[PDB]
Amino acid sequence: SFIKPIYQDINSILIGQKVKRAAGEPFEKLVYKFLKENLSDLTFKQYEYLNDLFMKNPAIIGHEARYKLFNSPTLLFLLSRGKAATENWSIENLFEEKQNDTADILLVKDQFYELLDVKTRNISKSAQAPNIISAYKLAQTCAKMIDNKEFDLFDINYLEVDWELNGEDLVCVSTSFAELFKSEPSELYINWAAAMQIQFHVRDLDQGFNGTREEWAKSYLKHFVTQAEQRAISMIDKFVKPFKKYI
Amino acid sequence: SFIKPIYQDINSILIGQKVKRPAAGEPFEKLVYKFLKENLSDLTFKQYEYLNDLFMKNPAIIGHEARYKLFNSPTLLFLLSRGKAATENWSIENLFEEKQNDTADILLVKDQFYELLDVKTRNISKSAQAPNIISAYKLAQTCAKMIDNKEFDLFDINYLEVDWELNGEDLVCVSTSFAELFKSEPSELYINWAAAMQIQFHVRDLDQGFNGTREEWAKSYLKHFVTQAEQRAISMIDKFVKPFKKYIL
DNA sequence: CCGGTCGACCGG
DNA sequence: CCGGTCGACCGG
Ligand code: NA
Ligand code: NA
């Protein structure tokens, strides 16, 4: 993480910030502004990076050659845009925000990528853990990490910022950082219904995993497979059995 | 529907109307409610606005059990209720508020009949997937309860699609569609399991040919739900197990 | 022509 | 500790 070494400074700048009263989205913009100020050469919106990548490679045209620019099957999977979009890219037609884009902010240095995702939380109440990442997308990432031996190329981190209401605006009250690959892979909760999303509040996540990235992957995949079997069996009990008497 | 008869008026006041850019389409939903509140005042309520009135018109009724008695129907209660602690802690000084869970956006009731209006916005500058309509699971439970209690002429669930696009510093509505759920072929509803188990379709293209009974609709969908769930159970092994079984050793 | 992904919420 | 629900998004 390129953000962690300066976390304390971020937590300091955010706490006390205000935004005009999804929902607390604007906070992710403050994180960007601050990350751009103290890590200008590493901070990129995901699309900003893609635009930058294609701009400095004029000779290269067409999706086939443009995909080769990533130089990584995994990063390609996680960052890349569509085929017809990589083909139609140009100076006069750049990449813009995309709702399902993997990362909020991308930090790159020495060929190392940090995929940052900002989660906002309303403290006034005690809600359910938010969507972290697709358990399936993650499952595919690990598989590719293994097929290509890319175990030192990137990290997936999360920054949570809690806000509270105060009049006609929202105010940051807390913050918390956590790395996905530092937590115990076999303990991630997979909410199948909620878009097969992994869920957890950042401030609760554990960070004591002490094995290799390759073991993390392999271990996650076993957890993923298991729960997929459990879900398949429970689906029958909850969505089928209690409704047969109507057929 | 209490909206169908004035669908032309709603469309008229929406098409071409601009709103300053800031969902990014909420403004149109607000415009729909405001119109309805001004042209069918006694029938229009925001889901939570209803619950409060219901509770307010019965001050002597405190405690959840009694308050739950106010709905006079299990099906509706399932669809409109707020839960134990929330229902119990309710007071005139601690009113119900909007909840991003509420089954409906707008409620229109008359002669004890209810219309659950859920309005869908769509950015026409993009050709996107069919959006979430309603939980197939919540639908299945609703159908079970309609049957178990014989409530087949109590309510309807309808949708209003509001098409819009960005134009300079503003947003403008360019079209509008309307459809009734209980008029579509139930065996045709697509249930997207991963997408919160929601049924998905573009209001614009929804079929309205169902000519059978409501009870027949309720039972038909239930069969369709069960089968799809079974089929899904099989799919999951195929997509999320078989191809990754080679990394577990 | 089928379905995955982002966002973030409480009741039990 | 567990897990549905709303919203609205294009590629494979
Ligand atoms: Na995410
Ligand atoms: Na809905």
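Just so it is clear: chains get the letters A, B, ... in the order the sequence lines come, proteins before strands, and each one is counted from 1. Just the heavy atoms: all of them, side chains too, but no hydrogens, waters or symmetry mates, feed the values below.
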Which one, C:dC6, C:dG3, D:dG3, comes nearest to the side chain of A:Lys238? D:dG3
d(CD, A:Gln197; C1', C:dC6) in whole Å: 7 Å
Test ring-ring contact (aromatic ring centres under 6.0 Å, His included), reference B:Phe45, set B:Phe96, B:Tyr114, B:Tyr50, output is B:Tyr50
Whole angstrom value for the distance that separates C1' of D:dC9 from CD of B:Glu165: 17 Å
When the nearest nucleotide of DNA chain D is assigned to A:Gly82 and to B:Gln141 on a heavy-atom basis, which residue is associated with the more 5' position? B:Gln141
Heavy-atom donor-acceptor pair, B:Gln200 side-chain to C:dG4 base, under 3.5 Å: yes
note: B:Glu97, atom CD; C:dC10, atom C1'; distance rounded to Å ~ 15 Å
Under 4.0 Å from OP1 or OP2 of D:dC9: is there any side-chain N or O of A:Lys98 that close? no
Check whether any side-chain N or O of B:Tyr48 sits under 3.5 Å from a backbone N or O of B:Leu95 as a donor-acceptor pair, and report yes or no. no
Taking the minimum atom-to-atom distance to the side chain of A:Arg121, which one of C:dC9, C:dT5, D:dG12 wins? C:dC9
Flag side-chain contact, heavy atom, 4.5 Å: B:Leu36 against B:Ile10: yes
Counting only side-chain heavy atoms from C-beta out, which of D:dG4, C:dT5, C:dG11 sits nearest to A:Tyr136? C:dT5
In whole Å, what is the span from the NE2 atom of A:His201 to the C1' atom of D:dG3? 13 Å
Can you find a side chain N or O atom of A:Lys83 that sits less than 4.0 Å from OP1 or OP2 on D:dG11? no
Starting from the 5' end of DNA chain C, give me the residue, B:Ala85 or A:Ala194, whose nearest nucleotide shows up first. A:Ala194
May I ask you to establish whether B:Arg67 and B:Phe55 are in a cation-pi arrangement, using a distance under 6.0 Å from NZ or CZ to the six-membered ring centre and at most 45° from the ring axis? yes
Atom pair distance, as rounded to whole Å: CD in B:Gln100 and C1' in C:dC10: 11 Å
Give A:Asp204 one of three labels, base, sugar-phosphate or nothing, depending on what nucleic acid heavy atoms sit under 4.0 Å from its own. nothing
Give a yes or no on whether the backbone of A:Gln128 and the side-chain of A:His201 come within a donor-acceptor separation of less than 3.5 Å. yes
Do A:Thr102 and A:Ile133 have side-chain heavy atoms sitting under 4.5 Å apart? no
What is the separation between atom CG on A:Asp237 and atom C1' on D:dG4, rounded to the nearest whole Å? 17 Å
A:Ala127 or B:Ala128, whichever maps to the more 5' nucleotide of DNA chain D: A:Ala127
Ignoring backbone atoms, establish whether B:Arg232 has a side-chain N or O less than 4.0 Å from OP1 or OP2 of C:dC2. no
Report yes if a side-chain nitrogen or oxygen of B:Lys138 is closer than 4.0 Å to either non-bridging phosphate oxygen (OP1 or OP2) of D:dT5; otherwise report no. no
Between P on C:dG7 and CZ on A:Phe200, what's the gap in Å once rounded to a whole number? 12 Å
Determine whether a donor-acceptor pair (one donor, one acceptor, N or O, separation below 3.5 Å) exists between the side chain of B:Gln129 and the base of C:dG4. yes
Distance-only donor-acceptor test (3.5 Å): side chain A:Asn100, base C:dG4: no
Rounded to the Å, how far apart are B:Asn89 CG and C:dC10 P? 14 Å
Groove in which a side-chain heavy atom of A:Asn131 lies under 5.0 Å from a base atom: major
Below 4.0 Å: OP1/OP2 of C:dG7 and any side-chain N or O of A:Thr120: no
Give A:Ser134 one of three labels, base, sugar-phosphate or nothing, depending on what nucleic acid heavy atoms sit under 4.0 Å from its own. sugar-phosphate
